[PDB]
Structure formats: C-alpha cells, structure tokens
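Chain by chain, the residues:
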Amino acid sequence: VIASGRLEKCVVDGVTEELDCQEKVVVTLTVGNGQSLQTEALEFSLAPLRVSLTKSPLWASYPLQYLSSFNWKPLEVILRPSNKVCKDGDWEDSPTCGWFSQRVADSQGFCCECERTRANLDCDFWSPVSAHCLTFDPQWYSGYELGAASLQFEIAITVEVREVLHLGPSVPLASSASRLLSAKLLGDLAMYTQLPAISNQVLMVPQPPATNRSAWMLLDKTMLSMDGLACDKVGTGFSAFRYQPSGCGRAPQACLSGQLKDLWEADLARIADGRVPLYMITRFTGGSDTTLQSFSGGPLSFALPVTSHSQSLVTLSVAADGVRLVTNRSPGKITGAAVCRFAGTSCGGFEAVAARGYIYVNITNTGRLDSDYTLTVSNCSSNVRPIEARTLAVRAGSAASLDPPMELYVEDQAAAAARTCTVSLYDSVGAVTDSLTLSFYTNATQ
Amino acid sequence: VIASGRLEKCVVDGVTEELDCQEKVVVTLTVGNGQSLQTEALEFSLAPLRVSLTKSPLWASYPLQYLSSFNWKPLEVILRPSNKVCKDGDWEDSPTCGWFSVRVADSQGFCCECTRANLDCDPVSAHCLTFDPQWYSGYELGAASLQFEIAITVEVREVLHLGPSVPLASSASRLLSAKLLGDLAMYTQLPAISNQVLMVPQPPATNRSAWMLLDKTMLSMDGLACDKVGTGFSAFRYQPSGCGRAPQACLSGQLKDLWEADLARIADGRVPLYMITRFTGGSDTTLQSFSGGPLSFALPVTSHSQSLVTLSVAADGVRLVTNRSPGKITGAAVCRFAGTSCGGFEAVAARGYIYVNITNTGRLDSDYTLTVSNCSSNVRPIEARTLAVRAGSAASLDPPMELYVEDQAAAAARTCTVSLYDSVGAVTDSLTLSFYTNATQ
Amino acid sequence: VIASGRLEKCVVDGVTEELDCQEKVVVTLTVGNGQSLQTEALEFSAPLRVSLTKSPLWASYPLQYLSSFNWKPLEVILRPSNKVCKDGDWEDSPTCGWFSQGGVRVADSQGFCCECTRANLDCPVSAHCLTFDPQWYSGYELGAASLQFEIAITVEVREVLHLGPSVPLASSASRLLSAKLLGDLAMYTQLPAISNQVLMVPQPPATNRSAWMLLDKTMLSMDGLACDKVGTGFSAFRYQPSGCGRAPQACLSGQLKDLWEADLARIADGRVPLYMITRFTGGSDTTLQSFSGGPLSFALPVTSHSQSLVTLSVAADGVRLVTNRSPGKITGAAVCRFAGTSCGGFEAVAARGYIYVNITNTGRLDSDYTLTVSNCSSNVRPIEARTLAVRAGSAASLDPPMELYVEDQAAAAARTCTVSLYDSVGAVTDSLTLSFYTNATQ
Ligand SMILES: *[C@@H]1O[C@H](CO)[C@@H](O)[C@H](O)[C@H]1NC(C)=O
Ligand SMILES: *[C@@H]1O[C@H](CO)[C@@H](O)[C@H](O)[C@H]1NC(C)=O
Ligand SMILES: *[C@@H]1O[C@H](CO)[C@@H](O)[C@H](O)[C@H]1NC(C)=O
Ligand SMILES: *[C@@H]1O[C@H](CO)[C@H](O)[C@H](O)[C@H]1NC(C)=O
Ligand SMILES: *[C@@H]1O[C@H](CO)[C@H](O)[C@H](O)[C@H]1NC(C)=O
Ligand SMILES: *[C@@H]1O[C@H](CO)[C@H](O)[C@H](O)[C@H]1NC(C)=O
C-alpha cells in the first residue's frame, strides 16, 4: 500500500453540464508478482467493506510472425550412375539428381569426376563420375520471428460487504468498477532484472508430424541462412549446397553442418557437461519444460515466466469513508536449499563462469494462515553475482518452492569447494528463518 | 491521482543557515500517454487555484551514428572483348573492366573462358561491378530515449504553463512547484531496434518513406561476404563458383532486392521485414508528426507510460474536477498492413490491424479508454488505449492496434469485444469479426 | 516524497490468531540515482531523524564463457630454399609443422604451399603458415542487465542505525521503523542493446578493463568456418577461396587487433569507437573501475534517472521534511570529442559531442542539484537532466559526460544550448554552451 486519503471527486456531466461531487477514499497500493494468495485485505467503513487483491503469475509473451520453414538435418546423397554419365548443369533437360518441385532453382546438385573428399571416393580400382544431391530429413521446423515482449497477467479484486464480487483489471482492461468501488491499474514499476534479449531471435517449432514446447529452439539471426545462399547455417538450401567454395575437393556433407540437429545435439552435450544450452528454449527456465507449459496462450505462442519483481500500482476509489489494513503474519521455515546444475545434472555446485548454478529452495508456512514470504540470497562470499529477492504466497501449513529457480553466477573463473551464501526468509516485515548454502565451483575449462 | 496530503516542508538555507517551514499540500498524480487535452483539473483552497495537467504525444527516439554508405543495387556488367583477350588481375594496369577510383582493390572484376562462362560459348569475357546511381547512408541506431513534455496550466484570466519533461525534470511558480519523478514501465516493450542499421537515401517520394531498417546480419560491413547489403569488389571477384554461377551471382539481397521483396509481402497481406513502416502499420504520416530534425528516427509509443508528477502547493485543501462526456464507436475494422483489404488477415504469417473510430457525444472534452477484450480462442491479448477527445469531435487510433492469432488455423468467424469507457464506466461496445485464412508454408 | 499519512496497520498472527492493531505513519518516497549525500531528512514525533541515500547505480550483465580468441593470427611465409614445399594432411614432416594443443596434431594447422599476391611474390615454391600472437582473449556472452545499487536509510533517535534495502534485500526493519523498497520507475533513456554481444577479456597474463572489447555476434566465426572474422582458425586460413592469388594475410582481416586499431583510428578522427567497451563511458576507463563486482564482471554506470520507491512505516505519529537548499555555480562547461580529442565541437551525425560540466556548491550545506541542457538551437537531440549531490563549498562534475547529438549533417559553428543548474526547486545559475559541428564526411 502506497498512501490512503480523502478527496472530493467531482464529475461534470458531458450532456447535463451538472457537477456531482462526492467525497471518496482514494487508496493507491502495490500488488507483487508472486502475490497469488488472499494474505492481506482492506476494510472500508461506510458494516465493513472487505477488499483484497491478488495478482496472477506474470508472463512475458512474445508475438510470433512466420518467416520460413527450416529442415531438421538436410543430407547429401552420393549417386554413382554406373553408366558413367552424370550431367547436372543449369538448364539441364534431365539431371541425375532430378529437380525438386513444390522446378526449384539449383536443386540438381553437382557432378564430380576423378573425410577422403567427394572426388577421391569416386576413384575405385574396380571402376568414373558421381552426383551429389541434397535431400531433406522427414522432420521440418517452422521459423517464427519473435516480436516485442508484452507483460501478461490479471489482478483479481475480491470485494465483499456478505455477497462477494470479483473485479479483473489487467493490461487489456486497465480499469474496473462496481458502483461503490472503482479501481484503476495505473501500471507496474520497472523490473530490476531485465528480460532476456530474445525480441528478434527466430523460434523453431517442429512442423507436425515428446512434450509441448520441449523440442522448440530459439536461434539468433547470425545462425540462419534466410535466403538459403550461405553455407553451414540453419536453412542452407540447394543454391548454397551447389556452388559451394571447393565442391569436389571437400568431404561429403561439407556445406551441411551447423543445422538444427547439430545444434540440438551440441546443446545436449552442453547439458551433459553441466553447462546451459545455447539454443533450447529451456535455457531460460533452468531445465524443466513444465514451467512454460503453465502458460495460458494458444498452440503457437511463446512466453517466459517473469521472476523479477514487477509491483503493479492499483488505485481504489471507494464512496465509503475510513480505511484499515489487515494482514496475515504466519511464520516460515526453509525446508531445504541446494545449488544445482542445468536440468538437475548434479547438485552442490557448478562450473565457474562457463556455466551457472540454480538455487532450489523449499519453504514451509508454519502457521494457521496463508501468508506472503520474502526469500533473499545475501551476505555471499567473494566474487558471487548478487541474486534479486523472491516473493512467495504460501498457504497455511503447506510447503512451497521457487518453480523457476534462482540463477547463480560467479565473477571469477576460480576453483572452489567452500563458497557460501546466506538464504534468509522474511514474513510480512521480519526474518523468520535463515540457512547457509554451500556451493562448489570447479574452474572454467578453456 | 495517486494520493493527496499535508506536510510541513522545511528549507535550511545554504548560506543564511535559517530554516523556513511552510505547511504545503503534496499531491502525486499520474499523467497518461494520450492525455493531450484539458479533461480534469485540481482545485486548491488558499478563491480556488485551478491546476490541470496534459502530456504531449509520446515518442521513442533513437540516436543516429553514421557508419558507411551503401548502394541501392550494384550490377554485374559482362564485357566481351572481341579481340579475345581478357586482362583482369592484380598488378595489371590496364584491365578490361578498368579500376574504380584512387585505385580501389579488386575493382578490376574477373575473366571467364569456355551461367557466365556457358554464355561465352557461342571466347573469353570480363565481369565488372557497377553501382546504381542511388546510394543510401547507413546509420547505427542507439538506445531509445522517451521524448515528451508535460504542460501544467496553473490558474487562479491569468493562466501559467509549466513544462516538466525528460530534460527538465523540475518546474516551479512561487505557490506551486512540481516535479516529474518519472513514468512507470510500459506493458508492451519497445521493438528491439537499438542496434539495427537505418538506411536513409543520400540526396539526390515522402520524408522517411524510402527509409529501411536492417539487421546487422544482412550487411557485409567489410564488403567481403557475398549476397549482403555492403558486398563489394573484393567479394564479387573471388566468389565461390565464379564463372560456373549465373550473371548477378554475388549481387543478390541488396537494398533494391530487399525493398522489392517487401512490397511483395505487403501485396500478399504480410508485414514487411525491412521498411520502417513495419512498426506503424502502413502509413508514413504517423512518423512525419515527430518534432526532430531531418536525420532523426523515432517511433510513436502506443503502450501506456503513466508519468508520476508531484505537486507542492502552499494552499491548504484539494478537490478533483473531471469532465465525463459520453462516447460512441463510429466504426471498427481488422485490416491488413497498409489497408490492403479489411475483415481479416493471414494466421501467424501476418497480423491484423484494428482501426477504431470513436466520437465524443457531449459538450465537454473528455478522456476515453478503448479495450479489445473477451476475444475468441487463440487470440493474442491487446493492451488498452487512451483517447483524449474534444467535445462533439470524432477521433481514431492513429497507430492501429496490432492483432495476432496463436494458431495457424483457417477461420472466418473470429470475434473480439471492443468496449469504450469514459472516466470509469462503459459508454458503448461493439463486437469485431475477423477472418484468419491459415498460414501458407 | 510521494505522500505521507496515517493508517491502522493490523497484524493477524499466524499461530496465536490474535490481531495487533497499531496506528502508524506510512510515508512513500523517492530516492534518486545521484542522491549519494545527506541533503534531506524526515522528522517523526524528541524528533526521530530519518535520511535516505542511494549508492551509484550500475547495470551489471552476467558472463557465460563461449570460446577463446587470439589477438592477431599471423601468416608467416616460408620459402624453403631447397625448393621443396609439401604441406598436406597425413604428411608427418610439413614445412609449417603441425600444431599440438591437446598433446595431439591439430587438423589443417600445416598451412598451404604456392608455386609460380602470395604466388606472384615467389616469382619456385613457398609455405603459408598460421602463427598466433602471444596475447589471447576470452569470449563471454553477456546476459540480461540487472540494476545493482543499495539504499541506506539512516535512523537517529542518540544512536545511528543504518538500514540497507536493495535489489536482493527488498525489505528492512528496526522495531519502530520498517521500510520496504517497492522498486524504481522506468529510465527515460533505455540501456544500450548489449544483452547479446560477446565480451572479449584478454587472458591473463595496461589497466583493469581497458583492453576489453564488446563485439556483435556478426563479427565472429564461432564455428571457425568463415574467413576474416574474430575466430577464423587454421582450417579457415587454409582452403580460403583464392589462396595463392590473394595478397598475404588474405583470410586474417578483422581480428581483435585489426578492430582495436580501427577504433583508435576512429578516436583519432574524433569519432566514437565501435568495439572498445569505453564507447559507453565517454573515453575514460576509470568510471567502470569504480564497479564493486569481481574480476570477471561487466557493468555500465547508469546516467538515466531511476527514482526508487521506498515506503516507511513508523509507530511514531507526525512527520516533517527538512531539506538543505545551498546555491550553486557552473564553474565551466564544454562540448568535447570522445576521450577529450579536442573541445568546442564535434562531427555532425558521424560522431557525437560530450558535455563536461563543472559545478560548485556555493554554501555551508551539502545539497542536491539538477543540471539541464535545454532551449537548444535547431536539430539538436534533447539531453535528459542530471542529479548531483554536492558537499558544502566543494565542486563536482558529471563523471560520465552528457552525450550530445545533432539531427542534421549540416556544417555549423554557432550551435547553442542553455545549461541550467537548479537547487531544491529554483534555478541558481545558467550558462550558454556553444558547439561547432563540422558536417558528416561520406
Ligand atoms: C524440495 O522438495 C522436493 C519434493 O517436494 C524434493 O524432491 C527436493 O529434493 C527438495 N529440494 C530441496 C532443495 O530441499
Ligand atoms: C474511420 O473514419 C474514416 C473517415 O473519417 C474512414 O475513412 C474509415 O474507413 C473509418 N474506419 C472505421 C474502422 O470506421
Ligand atoms: C573541470 O575542472 C577540471 C579541473 O578541476 C579541468 O581539468 C576541466 O578542464 C574543467 N572542465 C570544464 C568544462 O570546466
Ligand atoms: C568441481 O569441483 C568439485 C570440488 O569438490 C568436485 O571435485 C567436482 O568433481 C568438480 N567437477 C569437475 C567436472 O571437475
Ligand atoms: C481468407 O479466408 C477468408 C475466409 O472467408 C476468405 O475466403 C479470404 O479470401 C481468404 N484469403 C485468401 C487469400 O485466401
Ligand atoms: C569543424 O568545423 C569548424 C568550423 O568552424 C572548424 O573549422 C573545424 O576545424 C572543423 N573540423 C575539421 C576536422 O574540419
């Protein structure tokens, strides 16, 4: 809650010209990112009017715009005619490879005469030409250019006298009313940790025919041959495969590296070495795809869960005169805390600089009331990148955890086994419990 | 308005050391993006002091920094010597193509004997790089800075403006001193253009219409790569195949090819990828309204950015007076980029543009809120809009509301509820109907 | 200060179920980016003196190591004299000799031979070998910026109790007073788009962060398959398009050294560098050195306003605001090129000016000041105001200078701006800067 007060709100009617003045109670208040429970309420004297606010989980949705389709892994098929006649040139009546149709330009591959190299392979003692044709993997992906992030949430105002009524201000519905009470969402304050710079990257969704969004990849424009003219880029086509620099003096599948498959396989290898993948959309979550699945949007939508604080400003205008704030102050306990690698490869520590840790913390509301809690990773040892605090609305008696874990970074590529952090837990002003995490960080390799 | 109150503001003078305490009325209040009219006012009791705030149209300006010049469409020119002698190599003083000037490296082009070489068989030929007369200057865009101005009209016939803005965070007028704290975060973030290269045609059409904004991936800055906006003499000569490649082989994907490809996108009811009009929705007129100089670039801000202004008045007592004029939605349509057609768009591969005409059906200039809510399945939510409309007069959303679908499904009965609110309650609502023909490819 | 008021704050205990209501004074206030000094204070009724200060704001970007990169790979041309150059794969004794990095023979490290630009020089054979500069660099992919600061809330009864709410510690308390940092408002000038670029730190073994570069992903061959990029290998150097028909160092352009040198040439022509991390500051590396983080950290000083919202809850009933209002004087103002190449002006559009302003607190009290560059001539890009907390009698300056831009590539020598200095509401002095802009070349 920002500040309460009394003000005479006058309304000069647009048609009648008559002004109607009524003294109202104008209360501006803060609604946190993780304020998903009925912890606090406001009581207005008019019998008291109980008003309580809750904010849905915040999401940063990016609009999709289809660009082109990209194949999972194109392949070179070396055809040896046996009749020793290969003629695959431009404006050719009948090439060995044959034209690809949706006649696609430069889809006829190339001929080569006499690791080994396209030409060197043709040289058989027993036999002297061969065609090199581009073929596509049965699986295709569709490339979508992500747009600008827009914060998607919903604020639920539960007005009660008796009979209860729910008001829903949000981003598309900034204002809401119910005769005695009219509330307006002004907007929220800036996030301390900005969103990832993914507002221009290309999202790779597999064209149908394991989990919804698990196979998805997000690629930088630097790794894509959009025109299909560059070599060894996601989208290298027939025009790039044919006309490649050396051609016959290069090993087969030469211009076919750096494809979706290759990048996917490379990312698996990164996860295996306890390093964060570079292309898999799970790089933002921390390993699990389940976090993203919880998003409300349609099949072709992309949104990341927001972990940074975004305090929404809501102004309430009540005809009632007098206000009181009532808040639940239930104690808590940290029922576990561990620093683990990407996708829970291992625990206890990570690789300095070349990788990052993920702080998973289990907490428990040790009371009879549903209360809001604040988890802080402070008083850390040398060269540890500070982590922004977290809010947790936890139900009475029940236990909770940070679904997207807190990312952990080190500002030195040093080898260590005794690195520490102080995991504090606060409830509605004062600290209820604290533990001391211990992370190891095996020095950066290369 | 955030919250009003009374506080004793004491000032310990820096030279005299004497403290001067005066009880003042401290009022913090928002100022919306589209609050360009005198709708609401504040009355302070000291005869009432009428104070009213307005915010100019918001713009996100990006600073320009010249990098290099880029040609419109470099062309390959094929010369057949007839004397059957092609002289084009490094150190050779009289090449067939001739050096470009002093002597630019690899400008001599290249030779092909017996696609380029296949054509010669009718016998050597010379392939020379030539440039289009039109050139464009490349400017690297910097970081966006929100540009606006808040006008505070203090009145007790005597009216006094006060202009707090981004370069002038504070303002005063003896009895009243106001400070712009800053505005809240936009719900829809700005487009990621803070590093792209702006292509302005070098002089010697409309002001900013010919302009293009290109990603750094589509520019060969060193002029060594092929088929990029910046590829030069050194790239044309030394191309992968060379003679075995068709004429105009290294010269694809230039400013002309990108512009041409973009007009084709608009034609197929798809948003262009390079034209600066991709942010507006078709019209260049929206951008022309920007205050800046010839070499400036700014995009109109459509997301809400509620500015926080704190007023300190020596007067004791405050009242808020607001105009509540009704409105009417005098039209609503979902149309393609640059008004190609209306009624619908192409699912995912394109986007719709909601154009809404409204009318202030009253005697007072009032603020209105337009919302596109209660939409059908897989429709991407659209953030609300504010409209300060003069009495009796009609208005429209100049930059239209962008419309997206979260499925590449073929549909003809897609719906949205366009509600119009005036200073708390809904005065009218319509029901838009969009068709989305499924994504092709 | 936003708004003060009185409210009954009730606490329903989670275990005892008993509600405890206490009427408190709830004050929401604003702490500026450059509010480092004790200028203003709050007096709660013997008065309780409470004063807020905000540390210098920084935008830190998390590092993630990608790969290592050499300073300037060099081509060493060897002419064997015995006229025998045989450098191919699987040959045990090549002229260049194999490179060993993992105790094993690195592929394509043998270079290439040329008979009778690389072959024109020989005029009968020669070897072309790739060698590395002793200096190596480490490529780190920058992550998303996170604002790093600390708010210090001094409480005085007697006893000096100092509270520290910040980004990792949003809340703080001290029995009578409990404060919460809600968050700060959005910056008018957004941060530079560096959240995806690759930071080049030289591998150890002149100044900490001076040699550092920040490169766009377009300028690196990560797979090492492209020619003339920051990352082109032995493999890229060999198998190059022409080879023997191209001048030495043909596939070794645009390396770290090459870019660095190009940037010194830009600074020399009074233009802002494109790769040097000093492009954000204004020339000096000293500004960045002041950052609290570890050796492998990167943060830029925030010059745009970021007003933090802090709400104070005191059991005391009654509040008064006391502020120091010391006058000031602009003791110099100049528009200078990057890294102070020259002064008086800059190059229109192709470059930018840097407004350096010296100010002086001409009073007995430490006070907060506002510096504004307003009422400027035609086609001058507006500059956001600055806050300065200056100690009594002492002089101060804008450490990161105000960037100056022109919205026309016109030649002008009489361009003007009105530099105004405000102190805790009213303007105490004003000068009139005069910049020259020599028109854009090319
Ligand atoms: C948290 O609890 C889950 C079960 O809910 C358990 O599997 C996990 O090991 C716990 N982690 C920590 C850090 O306590
Ligand atoms: C809005 O009104 C203009 C004329 O004022 C008209 O050209 C346009 O078609 C109208 N559009 C809608 C959606 O009503
Ligand atoms: C500011 O003062 C320093 C010395 O304190 C001097 O070196 C510098 O040139 C001055 N600059 C201006 C613009 O007054
Ligand atoms: C990281 O360091 C710890 C230190 O106890 C362990 O030894 C662990 O095995 C190290 N990891 C690697 C991959 O060497
Ligand atoms: C989009 O679908 C609607 C469905 O009624 C129309 O038939 C329209 O013609 C379609 N557009 C195209 C280009 O096929
Ligand atoms: C910039 O223009 C002014 C105009 O008076 C000066 O002549 C100055 O010498 C110019 N700079 C250059 C490099 O020509």
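Reading guide: rules and limits
In this document, residue positions are counted from 1 along each chain in sequence order, independent of how the entry numbers them, and residues without coordinates are left out. The naming scheme follows written order: chains are lettered A onward, ligands numbered 1 onward. Note that the side-chain values use all heavy atoms of the structure and ignore hydrogens as well as water. Residues with missing side-chain atoms are left out of burial classes, side-chain pairs and their counts. In plain terms, two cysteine sulfur atoms within 2.5 Å form what is called a disulfide here. Remark: exposure states derive from per-residue accessible area (1.4 Å probe, protein chains only) relative to the maximum for the residue type, with buried under 20%, exposed over 50%, and partly exposed in between. Each helix is a run of H or I in the DSSP string that is no shorter than four residues. Each strand is a run of E no shorter than two, and both are numbered from the N terminus. Only heavy atoms enter the contact rule, under which two residues are in contact if any of them lie within 4.5 Å. Using a 1.4 Å probe, buried area is obtained as the accessible area two parts lose upon being combined, added over both of them. Counted as salt bridges are all cases of a side-chain nitrogen of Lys or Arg within 4 Å of a carboxyl oxygen of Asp or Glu. The criterion for a residue being near a molecule or strand is simple. One of its heavy atoms has to lie within 4 Å of it. Pairs of N or O atoms within 3.5 Å make up the polar contacts considered here, provided that, within protein, one atom can donate a hydrogen while the other can accept it, and that residues adjacent in sequence are counted only when both atoms are side-chain atoms. Under the scheme applied, nonpolar residues are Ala, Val, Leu, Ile, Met, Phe, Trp, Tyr, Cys and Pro; charged residues are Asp, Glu, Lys and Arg; polar residues are all the others, including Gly. For the domains described, the bounds stem from an automatic or database domain assignment.

For this entry, the PDB record names X-ray crystallography as the structure determination method and reports a resolution of 3.30 Å.

The name recorded for chain B in the PDB entry is Fusion protein HAP2/GCS1, from Chlamydomonas reinhardtii.

As annotated in the PDB entry, chain A carries the name Fusion protein HAP2/GCS1 and is attributed to Chlamydomonas reinhardtii.

## Considerations on the state of the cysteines
Residues and elements named next belong to chain B. Summed over all chains, the structure comprises 24 disulfides over all chains. The disulfide partner of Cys112 is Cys243, and the gap between their sulfur atoms is 2.0 Å. Disulfide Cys112 to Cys243: torsion about the S-S bond roughly -80°, handedness left-handed. Given the relative accessible area of 22%, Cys243 is considered partly exposed. Note that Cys114 is cross-linked by a disulfide to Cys121, the S-S spacing being 2.0 Å.

## Digging into unusual backbone geometry
Residue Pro209 of chain A follows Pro208 of chain A across a cis peptide bond; omega there is 0°. As for its position among the elements, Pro209 of chain A is in the loop between β16 (202-206) and β17 (217-219). Of the consecutive residues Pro203 of chain B and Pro204 of chain B, the connecting peptide bond is found in the cis state with omega at 0°. Within the fold, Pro204 of chain B resides in the loop between β16 (197-201) and β17 (212-214). With a phi close to 65°, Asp106 of chain B is a non-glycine residue in the positive phi region. Residue position: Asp106 of chain B is located in the loop between β7 (75-79) and β8 (110-112). Among the residues examined, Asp106 of chain B registers a relative accessible area of 12% and is labelled buried. Positive phi is not limited to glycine here, since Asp108 of chain C has a value of about 65°. Positionally, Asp108 of chain C belongs in the loop between β7 (74-78) and β8 (112-114).

## Thoughts on the interface of chain B and chain A
Counting from both sides, the interface comprises 61 residues of chain B and, opposite them, 65 residues of chain A. Both sides of the chain B and chain A interface together cover about 5300 Å² of buried area, and 56% of this is carbon and sulfur. The largest per-residue losses of area from chain B upon contact with chain A belong to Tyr187, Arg380 and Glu406 of chain B, which jointly make up 15% of the total buried on that side. For the pair chain B and chain A, the interface holds five salt bridges. Residues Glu8 of chain A and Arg319 of chain B are paired through a salt bridge, measuring 3.8 Å at the closest nitrogen-oxygen approach.

## So, the site of ligand 2
Residues and elements named next belong to chain B. Neighbouring ligand 2 are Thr330, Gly331, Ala332, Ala333, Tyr355 and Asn357. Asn357 has a polar side-chain atom sitting 2.3 Å from an oxygen atom of ligand 2. For the shell around ligand 2, the elements supplying multiple residues, two or more each, are β21 (327-335) and β23 (352-360). Top element by residues in the shell around ligand 2 is β21. It accounts for four residues. Of the residues belonging to the shell around ligand 2, the class tally is three nonpolar, three polar and no charged.

## Some words on the domain arrangement of chain B
Bring the parts together and some accessible area is lost; that lost area is often taken as the interface size. Residues and elements named next belong to chain B. The domain architecture assigned to chain B consists of domain 1 (6-58 + 143-187 + 299-322), domain 2 (65-140 + 191-298) and domain 3 (327-437). Put simply, the middle of domain 1 and the middle of domain 2, counted by C-alpha atoms, are 52 Å apart. At the interface, four residues of domain 1 touch eight residues of domain 2. Both faces considered, domain 1 and domain 2 share a buried interface measuring about 470 Å² in area, 72% of it formed by carbon and sulfur atoms. Our count for the domain 1 to domain 2 interface comes out at zero salt bridges. Inspection of the region where domain 1 meets domain 2 yields zero residue pairs in polar contact. When its residues are assigned to classes, the side of domain 1 that touches domain 2 shows three nonpolar, one polar and no charged.

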